[PDB]
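J.: Hey, dropping my_file.cif in here, mmCIF, C-alpha atoms and all ligand atoms:
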```cif
data_query
#
loop_
_atom_site.label_atom_id
_atom_site.label_comp_id
_atom_site.auth_asym_id
_atom_site.auth_seq_id
_atom_site.Cartn_x
_atom_site.Cartn_y
_atom_site.Cartn_z
CA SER G 2 115.41 -42.51 103.29
CA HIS G 3 118.68 -42.44 105.09
CA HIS G 4 118.91 -43.30 108.76
CA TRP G 5 121.28 -42.86 111.68
CA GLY G 6 123.90 -45.58 112.07
CA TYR G 7 127.60 -46.13 112.75
CA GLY G 8 129.16 -45.46 109.35
CA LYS G 9 131.20 -42.45 108.19
CA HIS G 10 128.11 -40.95 106.62
CA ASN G 11 125.55 -41.57 109.35
CA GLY G 12 127.57 -42.19 112.54
CA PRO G 13 127.80 -40.39 115.87
CA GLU G 14 129.21 -37.15 114.43
CA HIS G 15 126.03 -36.77 112.37
CA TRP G 16 123.37 -37.63 114.94
CA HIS G 17 123.01 -34.13 116.33
CA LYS G 18 121.42 -32.89 113.05
CA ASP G 19 118.28 -34.97 113.67
CA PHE G 20 118.67 -35.46 117.47
CA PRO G 21 119.97 -32.16 118.82
CA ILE G 22 120.05 -33.53 122.39
CA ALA G 23 123.23 -35.32 121.16
CA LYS G 24 125.02 -32.14 122.37
CA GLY G 25 123.12 -32.07 125.68
CA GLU G 26 124.21 -31.80 129.28
CA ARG G 27 123.79 -35.44 130.32
CA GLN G 28 124.89 -37.55 127.36
CA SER G 29 126.26 -41.08 127.48
CA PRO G 30 128.59 -42.86 127.36
CA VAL G 31 131.37 -41.17 129.31
CA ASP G 32 134.91 -41.95 130.32
CA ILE G 33 135.06 -43.17 133.91
CA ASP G 34 138.09 -41.52 135.50
CA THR G 35 138.57 -43.87 138.42
CA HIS G 36 140.65 -41.44 140.42
CA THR G 37 137.95 -38.69 140.22
CA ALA G 38 135.04 -41.05 141.01
CA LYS G 39 134.14 -40.92 144.68
CA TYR G 40 132.90 -43.65 147.03
CA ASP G 41 129.34 -42.84 148.07
CA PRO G 42 128.28 -44.34 151.38
CA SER G 43 124.65 -43.26 150.70
CA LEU G 44 124.29 -45.91 147.97
CA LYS G 45 122.14 -48.78 149.18
CA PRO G 46 123.05 -52.40 148.29
CA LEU G 47 122.35 -53.24 144.61
CA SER G 48 119.72 -55.96 144.04
CA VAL G 49 119.65 -57.83 140.72
CA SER G 50 116.60 -60.12 140.87
CA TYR G 51 116.42 -62.13 137.71
CA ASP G 52 115.33 -65.59 138.93
CA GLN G 53 111.91 -65.31 137.26
CA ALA G 54 113.05 -63.70 134.02
CA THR G 55 111.13 -64.68 130.92
CA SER G 56 113.04 -64.10 127.74
CA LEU G 57 110.93 -64.19 124.56
CA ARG G 58 112.74 -63.33 121.36
CA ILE G 59 115.99 -62.10 119.83
CA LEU G 60 115.84 -59.39 117.14
CA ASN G 61 118.44 -57.94 114.75
CA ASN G 62 117.27 -54.29 114.64
CA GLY G 63 119.91 -53.10 112.14
CA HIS G 64 122.07 -51.58 114.89
CA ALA G 65 122.55 -54.45 117.37
CA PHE G 66 120.54 -57.44 118.49
CA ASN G 67 118.07 -57.25 121.38
CA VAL G 68 117.16 -60.15 123.64
CA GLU G 69 113.66 -59.21 124.71
CA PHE G 70 111.85 -60.04 127.95
CA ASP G 71 108.27 -60.26 129.07
CA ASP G 72 107.96 -57.06 131.15
CA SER G 73 104.23 -57.32 131.78
CA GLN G 74 104.93 -58.17 135.48
CA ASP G 75 107.93 -57.73 137.88
CA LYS G 76 109.62 -60.99 136.73
CA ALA G 77 113.14 -59.53 136.44
CA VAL G 78 113.98 -56.38 138.30
CA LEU G 79 116.78 -54.10 139.41
CA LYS G 80 116.51 -52.26 142.73
CA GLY G 81 118.83 -50.68 145.25
CA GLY G 82 122.08 -48.90 144.59
CA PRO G 83 121.33 -45.39 143.47
CA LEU G 84 117.77 -46.36 142.47
CA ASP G 85 114.51 -45.23 144.06
CA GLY G 86 111.89 -47.94 143.48
CA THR G 87 111.72 -50.84 141.06
CA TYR G 88 113.06 -51.09 137.53
CA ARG G 89 111.87 -53.85 135.22
CA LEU G 90 114.09 -55.59 132.67
CA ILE G 91 112.85 -55.11 129.10
CA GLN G 92 115.83 -56.15 126.92
CA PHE G 93 119.54 -56.53 126.74
CA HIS G 94 121.93 -55.88 123.88
CA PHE G 95 125.63 -55.34 123.23
CA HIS G 96 127.98 -52.90 121.57
CA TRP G 97 131.20 -54.27 120.07
CA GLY G 98 134.14 -53.56 117.87
CA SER G 99 135.76 -54.72 114.66
CA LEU G 100 138.90 -55.53 116.70
CA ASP G 101 139.37 -56.56 120.35
CA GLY G 102 140.86 -53.22 121.26
CA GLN G 103 137.64 -51.28 120.87
CA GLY G 104 133.92 -51.80 121.17
CA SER G 105 132.84 -50.54 124.56
CA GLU G 106 130.88 -47.33 124.98
CA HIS G 107 131.99 -46.46 128.46
CA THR G 108 135.74 -46.35 129.01
CA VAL G 109 137.72 -46.75 132.24
CA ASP G 110 140.68 -44.36 132.48
CA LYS G 111 140.34 -44.12 128.66
CA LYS G 112 140.59 -47.94 128.32
CA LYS G 113 138.28 -49.44 125.72
CA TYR G 114 136.98 -52.94 126.22
CA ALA G 115 136.11 -55.34 123.39
CA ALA G 116 132.38 -54.99 124.01
CA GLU G 117 129.75 -53.79 126.47
CA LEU G 118 126.51 -55.43 127.58
CA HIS G 119 123.51 -53.20 128.39
CA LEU G 120 120.65 -54.65 130.49
CA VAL G 121 117.86 -52.09 130.06
CA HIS G 122 115.25 -51.48 132.72
CA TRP G 123 112.34 -49.06 133.10
CA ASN G 124 110.96 -47.49 136.27
CA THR G 125 107.64 -49.17 137.08
CA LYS G 127 106.23 -45.96 138.57
CA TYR G 128 105.73 -44.75 134.97
CA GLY G 129 103.75 -47.78 133.81
CA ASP G 130 105.44 -48.44 130.45
CA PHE G 131 108.75 -47.89 128.68
CA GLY G 132 107.39 -45.14 126.45
CA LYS G 133 106.24 -43.06 129.40
CA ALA G 134 109.46 -43.83 131.27
CA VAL G 135 111.54 -42.21 128.49
CA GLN G 136 109.75 -38.93 129.12
CA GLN G 137 111.20 -38.87 132.67
CA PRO G 138 114.63 -37.95 134.09
CA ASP G 139 114.63 -41.16 136.16
CA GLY G 140 112.80 -43.37 133.70
CA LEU G 141 115.46 -45.95 132.91
CA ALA G 142 118.29 -47.80 134.61
CA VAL G 143 120.89 -49.47 132.43
CA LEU G 144 123.26 -52.04 133.94
CA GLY G 145 126.45 -51.97 131.88
CA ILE G 146 128.98 -54.79 131.88
CA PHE G 147 132.32 -54.75 130.09
CA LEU G 148 133.51 -57.71 127.99
CA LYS G 149 137.19 -58.62 127.59
CA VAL G 150 138.50 -61.38 125.41
CA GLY G 151 139.93 -64.39 127.21
CA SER G 152 138.11 -67.49 128.49
CA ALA G 153 134.66 -68.26 127.07
CA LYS G 154 131.54 -67.12 128.95
CA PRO G 155 129.47 -70.33 129.06
CA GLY G 156 126.21 -68.42 129.68
CA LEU G 157 126.72 -66.39 126.51
CA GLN G 158 126.95 -69.36 124.17
CA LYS G 159 123.19 -69.78 123.64
CA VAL G 160 123.10 -66.17 122.40
CA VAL G 161 126.10 -66.76 120.10
CA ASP G 162 124.55 -69.87 118.62
CA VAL G 163 121.27 -68.23 117.56
CA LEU G 164 122.97 -65.36 115.74
CA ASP G 165 123.20 -67.30 112.46
CA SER G 166 119.38 -67.27 112.39
CA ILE G 167 119.15 -63.45 112.74
CA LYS G 168 121.99 -62.39 110.46
CA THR G 169 120.24 -59.46 108.81
CA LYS G 170 118.17 -56.47 109.84
CA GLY G 171 114.61 -57.23 110.81
CA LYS G 172 115.10 -60.98 111.42
CA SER G 173 114.02 -62.40 114.76
CA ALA G 174 113.96 -65.82 116.42
CA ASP G 175 112.30 -67.39 119.45
CA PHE G 176 114.56 -67.05 122.44
CA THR G 177 112.73 -68.43 125.45
CA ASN G 178 114.18 -69.73 128.71
CA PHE G 179 117.43 -67.74 128.58
CA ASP G 180 118.81 -66.89 132.02
CA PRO G 181 120.57 -63.50 131.97
CA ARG G 182 122.17 -64.22 135.35
CA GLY G 183 124.72 -66.24 133.35
CA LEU G 184 126.06 -62.96 131.89
CA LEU G 185 127.07 -61.31 135.17
CA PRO G 186 130.55 -61.21 136.72
CA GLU G 187 131.08 -62.31 140.34
CA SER G 188 131.18 -58.84 141.83
CA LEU G 189 128.48 -56.20 141.71
CA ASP G 190 130.82 -53.32 142.56
CA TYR G 191 129.88 -50.42 140.23
CA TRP G 192 130.09 -46.83 139.19
CA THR G 193 126.94 -44.72 138.68
CA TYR G 194 126.05 -41.46 137.06
CA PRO G 195 123.06 -39.79 135.35
CA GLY G 196 123.11 -40.00 131.56
CA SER G 197 121.25 -40.89 128.39
CA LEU G 198 120.39 -43.48 125.82
CA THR G 199 123.51 -44.02 123.74
CA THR G 200 121.57 -44.39 120.50
CA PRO G 201 119.09 -42.00 118.95
CA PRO G 202 116.87 -40.55 120.24
CA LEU G 203 119.60 -40.05 122.91
CA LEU G 204 117.03 -39.19 125.58
CA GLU G 205 118.38 -38.12 128.95
CA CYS G 206 116.45 -40.55 131.07
CA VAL G 207 119.05 -43.06 132.34
CA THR G 208 120.63 -43.89 135.67
CA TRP G 209 123.75 -45.71 134.51
CA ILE G 210 125.16 -48.50 136.69
CA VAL G 211 128.45 -49.73 135.21
CA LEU G 212 130.04 -52.78 136.82
CA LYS G 213 133.73 -52.59 137.58
CA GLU G 214 134.48 -56.25 136.96
CA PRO G 215 134.42 -57.26 133.27
CA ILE G 216 133.23 -60.61 132.07
CA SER G 217 135.51 -62.68 129.89
CA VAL G 218 134.28 -63.96 126.56
CA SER G 219 136.28 -65.98 124.04
CA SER G 220 137.66 -64.68 120.77
CA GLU G 221 135.37 -67.16 119.05
CA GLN G 222 132.29 -65.76 120.76
CA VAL G 223 133.05 -62.17 119.77
CA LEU G 224 134.02 -63.24 116.25
CA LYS G 225 130.45 -64.53 115.82
CA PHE G 226 129.05 -61.16 116.91
CA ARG G 227 131.10 -59.65 114.09
CA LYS G 228 129.44 -61.91 111.46
CA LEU G 229 126.07 -60.20 111.96
CA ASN G 230 124.91 -57.70 109.34
CA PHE G 231 123.64 -54.14 109.56
CA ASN G 232 121.91 -54.62 106.19
CA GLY G 233 118.77 -56.42 105.36
CA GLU G 234 118.49 -59.75 103.54
CA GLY G 235 119.51 -59.61 99.91
CA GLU G 236 121.42 -56.34 100.36
CA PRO G 237 125.17 -55.95 100.05
CA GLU G 238 126.91 -57.10 103.19
CA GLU G 239 127.84 -54.51 105.81
CA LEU G 240 129.25 -56.33 108.85
CA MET G 241 127.71 -55.30 112.17
CA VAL G 242 130.86 -54.06 113.88
CA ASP G 243 131.81 -50.85 115.68
CA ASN G 244 128.25 -50.15 116.83
CA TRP G 245 129.46 -48.01 119.74
CA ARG G 246 129.18 -44.31 120.50
CA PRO G 247 132.39 -42.71 121.84
CA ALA G 248 132.64 -41.02 125.19
CA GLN G 249 130.79 -37.72 125.55
CA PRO G 250 131.54 -34.67 127.66
CA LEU G 251 130.97 -35.20 131.40
CA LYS G 252 129.84 -31.62 131.91
CA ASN G 253 128.35 -30.98 135.35
CA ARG G 254 128.30 -34.60 136.54
CA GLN G 255 129.92 -36.66 139.20
CA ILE G 256 130.51 -40.39 138.93
CA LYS G 257 130.03 -42.22 142.22
CA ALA G 258 131.56 -45.54 143.24
CA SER G 259 129.83 -48.20 145.28
CA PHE G 260 133.14 -49.50 146.63
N1 LIG V 301 121.30 -37.11 111.61
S1 LIG V 301 121.23 -38.75 111.38
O1 LIG V 301 119.89 -39.18 111.81
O2 LIG V 301 122.40 -39.30 112.02
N2 LIG V 301 121.30 -39.02 109.78
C1 LIG V 301 122.60 -38.64 109.19
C2 LIG V 301 122.68 -39.21 107.74
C3 LIG V 301 121.48 -38.76 106.92
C4 LIG V 301 120.16 -39.16 107.60
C5 LIG V 301 120.15 -38.52 109.01
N1 LIG V 302 122.35 -48.29 124.47
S1 LIG V 302 121.33 -47.98 125.67
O1 LIG V 302 121.43 -46.60 126.07
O2 LIG V 302 121.38 -48.97 126.72
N2 LIG V 302 119.84 -48.25 125.01
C1 LIG V 302 118.74 -48.19 126.03
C2 LIG V 302 117.40 -48.68 125.45
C3 LIG V 302 117.05 -47.82 124.20
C4 LIG V 302 118.21 -47.97 123.18
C5 LIG V 302 119.53 -47.41 123.82
HG HG V 303 114.26 -38.11 130.04
ZN ZN V 304 123.37 -49.95 124.58
#
```
Could you write out this file's structure as structure tokens?

T.:
Amino acid sequence: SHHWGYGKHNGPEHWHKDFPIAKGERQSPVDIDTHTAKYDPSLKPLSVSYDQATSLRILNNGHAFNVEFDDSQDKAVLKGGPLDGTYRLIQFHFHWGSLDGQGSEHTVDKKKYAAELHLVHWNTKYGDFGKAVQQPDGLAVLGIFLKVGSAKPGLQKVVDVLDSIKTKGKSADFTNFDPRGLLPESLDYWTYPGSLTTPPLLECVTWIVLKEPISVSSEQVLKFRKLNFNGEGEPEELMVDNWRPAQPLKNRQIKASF
């Protein structure tokens, strides 16, 4: 069978035929118009508590790679900001381009970054991820832009395992990785209600998008671009341009923490 992806024949313009929510009222990503976003003094301080994070594995899922965490206890959590309660880190992944001038999902005044990091968390009041994605406040995704410049030292362990997970369905052990090494200095952010940016495109996400990008080197992003969408032994389809473009804002407001 065919499957959704990022090519001409199965990319974002096709997703609505199997995932009609693709044309919904709270789809992600969106363009962040900085002049229209409003400071919200009701936002509480944002709390990223990752000191006890336990990474387990890295997986090439045929769309991106996921760095997976042990979420059987509150070992790595996001709280505060726009969030009510506690959200547990389950995985992170990236979206990136074929060229440095595109790759992000969110845009900032229509600016595209080279890539975007998504740290995915689920609301512990719903007990598991699968139940959380049946809820309008089930997930919180912390989004971080990547620009090309100086290397991000904390990213290099991710870059160096990618050769071992080149093709779809390959995984590798990935213990003792500290995701705090992927953050910028500032936690200043924009927030809005949205969706998963991949099928099934479920409208369950509180998005928290940091204003400050991280810098990664050209060499680091070049290694992202050597991954494959295809499986082993299949003709090579480089894993590039695995981003969804901006969707209509509709009846939403983006709030700023700053
Ligand atoms: N609607 S979809 O899931 O993106 N896909 C399009 C290509 C054929 C298989 C279904
Ligand atoms: N790209 S995303 O919206 O962060 N992600 C959340 C977890 C499920 C797959 C989609
Ligand atoms: Hg939902
Ligand atoms: Zn994502």

J.: Using all atoms listed in the file, find each residue in chain G having at least one atom no more than 10 Å away from ligand HG 303 (chain V); report its shortest atom-to-atom pair and that distance in Å (one decimal), rows by chain then rising number, as JSON lines.

T.:
```
{"residue": "G:27", "atom": "CA", "partner": "V:HG303", "partner_atom": "HG", "distance": 9.9}
{"residue": "G:133", "atom": "CA", "partner": "V:HG303", "partner_atom": "HG", "distance": 9.4}
{"residue": "G:134", "atom": "CA", "partner": "V:HG303", "partner_atom": "HG", "distance": 7.6}
{"residue": "G:135", "atom": "CA", "partner": "V:HG303", "partner_atom": "HG", "distance": 5.2}
{"residue": "G:136", "atom": "CA", "partner": "V:HG303", "partner_atom": "HG", "distance": 4.7}
{"residue": "G:137", "atom": "CA", "partner": "V:HG303", "partner_atom": "HG", "distance": 4.1}
{"residue": "G:138", "atom": "CA", "partner": "V:HG303", "partner_atom": "HG", "distance": 4.1}
{"residue": "G:139", "atom": "CA", "partner": "V:HG303", "partner_atom": "HG", "distance": 6.8}
{"residue": "G:140", "atom": "CA", "partner": "V:HG303", "partner_atom": "HG", "distance": 6.6}
{"residue": "G:141", "atom": "CA", "partner": "V:HG303", "partner_atom": "HG", "distance": 8.4}
{"residue": "G:196", "atom": "CA", "partner": "V:HG303", "partner_atom": "HG", "distance": 9.2}
{"residue": "G:197", "atom": "CA", "partner": "V:HG303", "partner_atom": "HG", "distance": 7.7}
{"residue": "G:198", "atom": "CA", "partner": "V:HG303", "partner_atom": "HG", "distance": 9.2}
{"residue": "G:203", "atom": "CA", "partner": "V:HG303", "partner_atom": "HG", "distance": 9.1}
{"residue": "G:204", "atom": "CA", "partner": "V:HG303", "partner_atom": "HG", "distance": 5.4}
{"residue": "G:205", "atom": "CA", "partner": "V:HG303", "partner_atom": "HG", "distance": 4.3}
{"residue": "G:206", "atom": "CA", "partner": "V:HG303", "partner_atom": "HG", "distance": 3.4}
{"residue": "G:207", "atom": "CA", "partner": "V:HG303", "partner_atom": "HG", "distance": 7.3}
```

J.: So which residues are near ligand LIG 301 (chain V), meaning at most 7 Å away with only C-alpha atoms and all ligand atoms counted, given back as a PyMOL selection string?

T.: chain G and resi 3-6+10-13+15-20

J.: I need the residue nearest residue 96 (chain G) from this list: G:241, G:256, G:164, G:60. Use all atoms listed in the file for the distance.

T.: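 Nearest to residue 96 (chain G): G:241.
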
J.: All residues within 9 Å of ligand LIG 302 (chain V) are required, counting all atoms listed in the file; please report them as a CSV table (one decimal) with C-alpha atoms, in the coordinates of the input.

T.:
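What ended up in result_31.csv:
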```csv
chain,number,residue,atom,x,y,z
G,29,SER,CA,126.3,-41.1,127.5
G,30,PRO,CA,128.6,-42.9,127.4
G,91,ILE,CA,112.8,-55.1,129.1
G,92,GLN,CA,115.8,-56.2,126.9
G,93,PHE,CA,119.5,-56.5,126.7
G,94,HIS,CA,121.9,-55.9,123.9
G,95,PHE,CA,125.6,-55.3,123.2
G,96,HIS,CA,128.0,-52.9,121.6
G,106,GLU,CA,130.9,-47.3,125.0
G,118,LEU,CA,126.5,-55.4,127.6
G,119,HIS,CA,123.5,-53.2,128.4
G,120,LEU,CA,120.6,-54.6,130.5
G,121,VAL,CA,117.9,-52.1,130.1
G,122,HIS,CA,115.2,-51.5,132.7
G,135,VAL,CA,111.5,-42.2,128.5
G,141,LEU,CA,115.5,-46.0,132.9
G,142,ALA,CA,118.3,-47.8,134.6
G,143,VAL,CA,120.9,-49.5,132.4
G,144,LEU,CA,123.3,-52.0,133.9
G,145,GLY,CA,126.4,-52.0,131.9
G,196,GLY,CA,123.1,-40.0,131.6
G,197,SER,CA,121.2,-40.9,128.4
G,198,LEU,CA,120.4,-43.5,125.8
G,199,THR,CA,123.5,-44.0,123.7
G,200,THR,CA,121.6,-44.4,120.5
G,201,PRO,CA,119.1,-42.0,119.0
G,202,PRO,CA,116.9,-40.6,120.2
G,203,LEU,CA,119.6,-40.0,122.9
G,204,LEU,CA,117.0,-39.2,125.6
G,207,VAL,CA,119.0,-43.1,132.3
G,209,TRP,CA,123.8,-45.7,134.5
G,245,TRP,CA,129.5,-48.0,119.7
G,246,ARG,CA,129.2,-44.3,120.5
```

J.: I'd like the neighbourhood of region 72-78 of chain G as a ChimeraX atom specification, where a residue qualifies if any of its atoms comes within 10 Å (using only C-alpha atoms), though same-chain residues fewer than 4 positions away should be ignored.

T.: /G:48-56,87-92,122-125,129-131,181

J.: Separation of CA of residue 251 (chain G) and CA of residue 112 (chain G), in Å?

T.: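 Distance between the two atoms: 16.3 Å.
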
J.: For residue 223 (chain G), work out the shell of residues within 9 Å, counting only C-alpha atoms and skipping chain neighbours fewer than 5 positions away, then give it as a PyMOL selection string.

T.: chain G and resi 97-98+101+115-116+150+161+218

J.: With only C-alpha atoms and all ligand atoms as the basis for distance, which of G:149, G:39, G:107, G:172 is at the shortest distance from ligand ZN 304 (chain V)?

T.: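 Closest candidate: G:107.
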
J.: My list of candidates is G:192, G:211, G:171, G:86. Which is closest to residue 148 (chain G) when distances are computed with all atoms listed in the file?

T.: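 Closest candidate: G:211.
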
J.: For residue 35 (chain G), work out the shell of residues within 12 Å, counting only C-alpha atoms and skipping chain neighbours fewer than 5 positions away, then give it as a CSV table (one decimal) with C-alpha atoms, in the frame of the given file.

T.:
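Contents of around_6.csv, as written:
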```csv
chain,number,residue,atom,x,y,z
G,40,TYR,CA,132.9,-43.6,147.0
G,108,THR,CA,135.7,-46.4,129.0
G,109,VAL,CA,137.7,-46.8,132.2
G,110,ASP,CA,140.7,-44.4,132.5
G,111,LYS,CA,140.3,-44.1,128.7
G,112,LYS,CA,140.6,-47.9,128.3
G,191,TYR,CA,129.9,-50.4,140.2
G,192,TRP,CA,130.1,-46.8,139.2
G,193,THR,CA,126.9,-44.7,138.7
G,213,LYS,CA,133.7,-52.6,137.6
G,255,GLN,CA,129.9,-36.7,139.2
G,256,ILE,CA,130.5,-40.4,138.9
G,257,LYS,CA,130.0,-42.2,142.2
G,258,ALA,CA,131.6,-45.5,143.2
G,259,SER,CA,129.8,-48.2,145.3
G,260,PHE,CA,133.1,-49.5,146.6
```

J.: Report, as JSON, the centre and edge lengths in Å (one decimal) of the axis-aligned box enclosing every listed atom of region 196-202 of chain G, padded by 3 Å on each side.

T.:
```
{"center_x": 120.2, "center_y": -42.2, "center_z": 125.3, "size_x": 12.6, "size_y": 10.4, "size_z": 18.6}
```

J.: One decimal, in Å: what's the spacing between CA of residue 227 (chain G) and CA of residue 28 (chain G)?

T.: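 Atom-to-atom, CA of residue 227 (chain G) to CA of residue 28 (chain G), that is 26.5 Å.
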
J.: Rounded to one decimal place, report the CA of residue 182 (chain G)-CA of residue 156 (chain G) distance in Å.

T.: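 Going from CA of residue 182 (chain G) over to CA of residue 156 (chain G), I get 8.1 Å.
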
J.: Using all atoms listed in the file for the distances, tell me which of G:216, G:167, G:57, G:229 is nearest to residue 114 (chain G).

T.: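 Looking at the shortest contact to residue 114 (chain G), the residue is G:216.
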
J.: Using only C-alpha atoms and all ligand atoms, find the one residue out of G:68, G:22, G:79, G:84 that sits nearest to ligand ZN 304 (chain V).

T.: G:68

J.: For ligand ZN 304 (chain V), which of G:64, G:36, G:225, G:252 is the closest residue, counting only C-alpha atoms and all ligand atoms?

T.: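 Among G:64, G:36, G:225, G:252, it is G:64 that comes nearest to ligand ZN 304 (chain V).
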
J.: Would you be able to write out as a VMD selection string which residues have an atom within 9 Å of (116.8, -60.6, 117.8) in the file's coordinates, counting all atoms listed in the file?

T.: chain G and resid 58 to 62 65 to 69 163 to 164 166 to 167 171 to 176

J.: N, CA, C and O atoms are what I want for region 138-153 of chain G; can you complete it accordingly and write them as an mmCIF file, in the coordinates of the input?

T.:
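Output file rebuild_36.cif follows:
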```cif
data_model
loop_
_atom_site.group_PDB
_atom_site.id
_atom_site.type_symbol
_atom_site.label_atom_id
_atom_site.label_comp_id
_atom_site.auth_asym_id
_atom_site.auth_seq_id
_atom_site.Cartn_x
_atom_site.Cartn_y
_atom_site.Cartn_z
ATOM 1 N N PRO G 138 113.189 -37.998 133.821
ATOM 2 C CA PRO G 138 114.630 -37.950 134.090
ATOM 3 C C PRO G 138 115.141 -39.170 134.830
ATOM 4 O O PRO G 138 116.362 -39.399 134.794
ATOM 5 N N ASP G 139 114.304 -39.927 135.492
ATOM 6 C CA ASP G 139 114.630 -41.160 136.160
ATOM 7 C C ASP G 139 113.840 -42.332 135.608
ATOM 8 O O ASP G 139 113.445 -43.260 136.331
ATOM 9 N N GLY G 140 113.627 -42.322 134.296
ATOM 10 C CA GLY G 140 112.800 -43.370 133.700
ATOM 11 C C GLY G 140 113.471 -44.695 133.507
ATOM 12 O O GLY G 140 112.777 -45.708 133.508
ATOM 13 N N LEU G 141 114.769 -44.702 133.264
ATOM 14 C CA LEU G 141 115.460 -45.950 132.910
ATOM 15 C C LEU G 141 116.638 -46.136 133.836
ATOM 16 O O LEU G 141 117.240 -45.207 134.362
ATOM 17 N N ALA G 142 117.015 -47.409 133.963
ATOM 18 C CA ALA G 142 118.290 -47.800 134.610
ATOM 19 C C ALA G 142 118.916 -48.809 133.657
ATOM 20 O O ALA G 142 118.296 -49.808 133.293
ATOM 21 N N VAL G 143 120.165 -48.565 133.287
ATOM 22 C CA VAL G 143 120.890 -49.470 132.430
ATOM 23 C C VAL G 143 122.072 -50.024 133.225
ATOM 24 O O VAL G 143 122.861 -49.233 133.747
ATOM 25 N N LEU G 144 122.153 -51.320 133.313
ATOM 26 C CA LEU G 144 123.260 -52.040 133.940
ATOM 27 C C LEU G 144 124.244 -52.362 132.814
ATOM 28 O O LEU G 144 123.907 -53.111 131.912
ATOM 29 N N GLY G 145 125.422 -51.774 132.902
ATOM 30 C CA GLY G 145 126.450 -51.970 131.880
ATOM 31 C C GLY G 145 127.544 -52.876 132.372
ATOM 32 O O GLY G 145 127.984 -52.713 133.522
ATOM 33 N N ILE G 146 127.978 -53.796 131.528
ATOM 34 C CA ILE G 146 128.980 -54.790 131.880
ATOM 35 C C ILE G 146 129.989 -54.845 130.749
ATOM 36 O O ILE G 146 129.646 -55.051 129.589
ATOM 37 N N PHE G 147 131.261 -54.658 131.074
ATOM 38 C CA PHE G 147 132.320 -54.750 130.090
ATOM 39 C C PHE G 147 132.641 -56.206 129.733
ATOM 40 O O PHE G 147 132.565 -57.089 130.599
ATOM 41 N N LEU G 148 133.016 -56.425 128.483
ATOM 42 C CA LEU G 148 133.510 -57.710 127.990
ATOM 43 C C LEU G 148 134.978 -57.556 127.552
ATOM 44 O O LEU G 148 135.288 -56.656 126.776
ATOM 45 N N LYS G 149 135.796 -58.460 128.045
ATOM 46 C CA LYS G 149 137.190 -58.620 127.590
ATOM 47 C C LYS G 149 137.319 -60.002 126.985
ATOM 48 O O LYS G 149 136.545 -60.916 127.277
ATOM 49 N N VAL G 150 138.285 -60.116 126.097
ATOM 50 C CA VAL G 150 138.500 -61.380 125.410
ATOM 51 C C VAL G 150 139.503 -62.227 126.169
ATOM 52 O O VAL G 150 140.648 -61.796 126.390
ATOM 53 N N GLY G 151 139.080 -63.437 126.501
ATOM 54 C CA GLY G 151 139.930 -64.390 127.210
ATOM 55 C C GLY G 151 139.225 -65.733 127.195
ATOM 56 O O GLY G 151 138.979 -66.313 126.153
ATOM 57 N N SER G 152 138.886 -66.260 128.381
ATOM 58 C CA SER G 152 138.110 -67.490 128.490
ATOM 59 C C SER G 152 136.684 -67.260 128.029
ATOM 60 O O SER G 152 136.152 -66.159 128.177
ATOM 61 N N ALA G 153 136.048 -68.303 127.489
ATOM 62 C CA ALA G 153 134.660 -68.260 127.070
ATOM 63 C C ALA G 153 133.742 -67.997 128.253
ATOM 64 O O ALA G 153 133.985 -68.440 129.378
#
```
